[PDB]
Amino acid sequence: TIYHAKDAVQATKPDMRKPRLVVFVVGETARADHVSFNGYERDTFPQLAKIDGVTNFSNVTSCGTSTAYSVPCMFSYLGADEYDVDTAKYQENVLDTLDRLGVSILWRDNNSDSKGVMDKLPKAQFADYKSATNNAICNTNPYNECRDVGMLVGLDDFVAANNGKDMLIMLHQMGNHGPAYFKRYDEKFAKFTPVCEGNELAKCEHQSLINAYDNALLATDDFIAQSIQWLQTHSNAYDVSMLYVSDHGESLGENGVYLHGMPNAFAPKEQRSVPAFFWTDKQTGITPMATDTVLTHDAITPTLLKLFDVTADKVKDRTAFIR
């Protein structure tokens, strides 16, 4: 294991001040330009729009264009220019640091897995929510596909078992994963019709492809809002905050390009322009950066270190999502 922040120190401890509870929704395939807040022609985030204190960041570039490339980069200390996907597994990452310093680290995954991020930590700290042995919310649709909102159930059991510790909870969304966008959301989110239902995209009508994708965003809107609502039930004992960032974007037909994962060298902008949201309880004193700060996946690591009052030399000068 190649270390990167052995000098990390936590300025204050949860037995000397209020313990901190953060949820980090790791998004999937959401495009910045299909977010109402960024100027999209459709109200794709009605529920988030109603919550005090959500900052929308209009200029975020992902590190890569695929789940395997981007997710380790989001948690890496190296930044996008030095980051090596092929050695990421055995670098210290920001969660390794936070767990070393005693932050209780949980990763629930309704997508695939942590793509190497959690491999150094005990397996009990990772849970698979794609299956019904963990996810109680699977029979809400004719595919029995387990829903992201199932990762919220029982989080109060985790909080009880870590009572009075700092806690970072990662929720890795199914989100807008394709090509079967039509499967990603329940009926109550089927707001735009008709929708595409085939695996051969391009063969679909373009408006119907857009509709299915947009419907899936509506379910992600509901998921992020319920995440914040779950956090708000602990706001008095805990300093609660919520960070959402998508791992990459998605091509939706432009110039004949669909899905994602094109190499950075010639990948279109739709594949790297990702939404990011930050909410915090005003009681925590955290100040977000300007809504239009120029931001990339490099800001995630320093954001998480700052949310837990930890400083590290390697990201000392790095812009974060918070001041």
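Residue numbers here begin at 1 and follow the sequence given.
When the two stretches 124-132 and 156-164 are set side by side, the higher mean Cα temperature factor goes to 156-164.
Taking only CA atoms, the mean B-factor in the PDB entry is higher for 233-241 than for the other of 233-241 and 217-225.
For the set 186, 84, 119, 109, the PDB entry assigns the largest Cα B-factor to 84. The PDB entry gives the largest Cα B-factor of the residues 48, 60, 267, 30 to 267. The deposited CA B-factor of residue 100 belongs to the middle third of values across its chain. Per-chain ranking of the deposited C-alpha B factor places residue 320 in the lowest third. Among the modelled residues of the chain, residue 286 sits in the highest third by CA temperature factor in this PDB entry.
Looking at the C-alpha B-factors along this chain, the one for residue 192 belongs to the middle third. Annotation for residue 307: CA B-factor lies in the middle third of the chain's modelled residues.
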